[PDB]
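Here the structure is laid out as structure tokens; the discussion comes afterwards.
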Amino acid sequence: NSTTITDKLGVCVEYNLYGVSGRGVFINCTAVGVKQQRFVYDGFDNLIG
Amino acid sequence: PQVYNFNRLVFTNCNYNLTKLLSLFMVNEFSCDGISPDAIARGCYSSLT
Amino acid sequence: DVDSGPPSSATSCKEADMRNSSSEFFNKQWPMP
Amino acid sequence: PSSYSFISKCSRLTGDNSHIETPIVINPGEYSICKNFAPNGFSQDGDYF
Amino acid sequence: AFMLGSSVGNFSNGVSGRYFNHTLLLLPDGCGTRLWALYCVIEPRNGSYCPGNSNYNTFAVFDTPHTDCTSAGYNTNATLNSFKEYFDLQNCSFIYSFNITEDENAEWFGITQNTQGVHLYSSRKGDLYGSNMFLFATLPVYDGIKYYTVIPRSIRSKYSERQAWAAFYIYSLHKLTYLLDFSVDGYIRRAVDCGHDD
Amino acid sequence: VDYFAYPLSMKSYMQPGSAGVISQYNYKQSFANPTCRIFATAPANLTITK
Ligand SMILES: *[C@@H]1O[C@H](CO)[C@@H](O[C@@H]2O[C@H](CO)[C@@H](O)[C@H](O)[C@H]2NC(C)=O)[C@H](O)[C@H]1NC(C)=O
Ligand SMILES: *[C@@H]1O[C@H](CO)[C@@H](O[C@@H]2O[C@H](CO)[C@@H](O)[C@H](O)[C@H]2NC(C)=O)[C@H](O)[C@H]1NC(C)=O
Ligand SMILES: *[C@@H]1O[C@H](CO)[C@@H](O)[C@H](O)[C@H]1NC(C)=O
Ligand SMILES: *[C@@H]1O[C@H](CO)[C@@H](O)[C@H](O)[C@H]1NC(C)=O
């Protein structure tokens, strides 16, 4: 059942989001990047969005 | 087919039941490079060829 | 194999259908590098 | 299948009288130009086409 | 309109440009509202002025604007039927179809091939009012695509319906290192070709 | 020493990283100490039975 982040913002959680696996903190932000691509990375290929 | 006329399968955006497929065949040799069979059985992928 | 539909029942082709031309007809160079 | 088959030679004959013989080899993950001759497996061992 | 294959040679009379095996066809259709992806075996019909006949110069695709692109309905097999007038579609591996919206914008189309098949990119996807190409189709084409041929389109415009048509350019892709500049909204509007100059 | 009866045709199912039922439910080799796998055949005329 643990499938949403609405009321768990700010806490360290693990994630499996369409197969990408990791842990980190989720914070509501202004939409950047391309929404179609579903992920925003950085220059070192770390997920930051 | 034969070896020079191999058939290629590419899997994207789907779920597999590797064990149902693993139990149908009788393995004799394997040699992985950069991954292991258990990691193939427990992971998520952009594509599978 | 998959079905491509019904074949073409036209016996003859349209005979060059804007006739062939490989010459100074086509030199309208509008470069877009 | 009827048997196991593979290509044992693939070569181009050039020169004035096709007197020189150079091999044509595949790249990794690719098909051989020679597969078009007997694409379902060779019938006899030694089938010099 | 394109014709991508692996083996090429002369026709019967001797004109070049014949594909002998499974051939990829990218034929836009529906008066610029549909894209056809066909991976078929292509057979020269023996009829007059067709690729099998002796009196054959060149093949082409077309459509009759007042019957095909009429207001009442848009025929979606016009260019494909005009194609079949020249060739027979046998042993078709797959036939895909992609919808296209009608406009007069400037778009980009790219095509590559790797181990995972044939990849099609278009600016219409993702960035319609820009110029960045996003992958929209992957085709199970695993044979080499050694050759390609631009298929001459010809709108059957009569004297009252004659219209001007834009030219297109085809740039080869090379194995090069670049430097890109992503905007805040993720799109690329500036780059540097590292081998061009000092 | 861990020893048991095992068929030779199945000895790829006890390799490091294998994905079958042997490593899941029968025997997984540990690598905390220096270790070694051996697959052998016992001649039938000795005290060992089948
Ligand atoms: C994954 O594969 C296993 C093996 O096929 C499935 O388990 C069997 O499913 C069938 C369904 O008709 C049952 O009749 C059997 O009793 C199950 N047991 C076995 C070991 O054969 C399992 O359902 C598959 N899982 C999914 C969800 O795909
Ligand atoms: C227009 O072309 C499409 C694709 O060639 C035809 O659609 C196929 O027709 C066959 C035969 O009826 C069917 O078995 C397939 O299921 C159809 N689907 C596709 C996309 O493969 C269509 O019939 C043609 N229509 C006309 C006007 O002839
Ligand atoms: C490809 O076409 C050529 C000539 O049409 C034919 O000789 C060859 O067998 C074909 N390849 C196949 C059927 O794999
Ligand atoms: C291909 O088409 C022919 C008809 O031209 C048919 O006889 C044959 O079974 C089909 N299949 C293949 C791949 O040969």
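Lettering of chains follows the sequences in order, A, B, ..., and the numbering in each one begins at 1. The figures here come from the full heavy-atom set of this structure, side chains too, leaving out hydrogens, waters and symmetry mates.
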Worksheet item: Can you tell if the side chain of C:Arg19 reaches within under 4.5 Å of the side chain of E:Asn57, non-hydrogen atoms only?
Response: no
Fill in: No-hydrogen, no-angle side-chain donor-acceptor test under 3.5 Å, C:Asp1 and E:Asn91
yes
Worksheet entry | Any residue meeting salt bridge (charged side-chain N to carboxylate O under 4.0 Å, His left out) with E:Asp193, in chain and number order, not counting sequence neighbours | none
Fill in: Engaged part of E:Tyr171 at the chain C interface, taking heavy atoms whose separation is under 4.5 Å
side chain
Item to complete: Might you work through the side-chain contact (heavy atoms from CB on, under 4.5 Å) test for E:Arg45 and C:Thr11, ending with a clear yes or no?
Response: CA-CA 9 Å; E:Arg45 319 193 57 259; C:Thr11 301; over 6 Å; no
Practice prompt. For E:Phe136, look at atom CZ and say whether over 12 heavy atoms of other residues, nucleotides or ligands are found less than 6.0 Å away.
Written response: yes
Fill in: Spacing of CZ belonging to E:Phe94 relative to OG belonging to C:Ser4, to within rounding of 0.5 Å
13.5 Å
Discussion item. Let me confirm one number: the CG-OG1 distance from C:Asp17 to E:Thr58, rounded to the nearest 0.5 Å.
Written reply: 9.0 Å
Worksheet item: Does a side-chain heavy-atom distance below 4.5 Å link C:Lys14 with E:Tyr86?
Response: yes
Fill in: chain E contacts, top residue of C:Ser8, C:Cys13, C:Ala16 (heavy-atom pairs, under 4.5 Å)
C:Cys13
Fill in: Contact winner vs chain C - E:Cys50, E:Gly47, E:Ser48, heavy-atom pairs under 4.5 Å
E:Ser48
Worksheet entry | Crowding at NZ, C:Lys28 (>12 non-hydrogen neighbours, <6.0 Å) | yes
Worksheet item: Where is the tightest heavy-atom contact between C:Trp30 and E:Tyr169, given as atom of each residue plus distance?
Response: O-OH, 2.7 Å
